[PDB]
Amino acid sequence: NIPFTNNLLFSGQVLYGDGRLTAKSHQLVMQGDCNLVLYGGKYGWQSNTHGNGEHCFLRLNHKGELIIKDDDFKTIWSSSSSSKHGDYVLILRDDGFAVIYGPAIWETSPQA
């Protein structure tokens, strides 16, 4: 697996059970009630998927899709933003924006 960094979520990692991205004055929390909620901002964000499922988890894939699945892998919510196949990341930026950047176009050296 990939070590955690409070404000990033690279393709592969999986938040669930009130796990969260944390930045400056914000949190994006994949809550226990299957609702993904960004906290803070002027209004904040939710996917309103409260109660929609059990043991839901969040996961940004390698096609650029950030998805919420319940314990039975039913899609509950998609970022619905599929693009080029490769490595993606989700930053909870210090300005409050949760933004998904990808795919990866340049590196100092390769993964393994």
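In this text, residue numbers run from 1 along the sequence as written.
When 6 to 14 is weighed against 19 to 27, 19 to 27 comes out higher, by mean CA B-factor as recorded in the entry. Residue-level temperature factors show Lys42 in the highest third of its chain, judged at the C-alpha atom. Per the PDB record, residue ranking by Cα B-factor puts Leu36 in the highest third of the chain. Remark: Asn48 belongs to the highest third of its chain, ranked by C-alpha B-factor as recorded. Residue-level temperature factors show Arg59 in the lowest third of its chain, judged at the C-alpha atom. Among the modelled residues of its chain, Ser79 has a C-alpha B-factor that falls in the lowest third, as given in the PDB entry.
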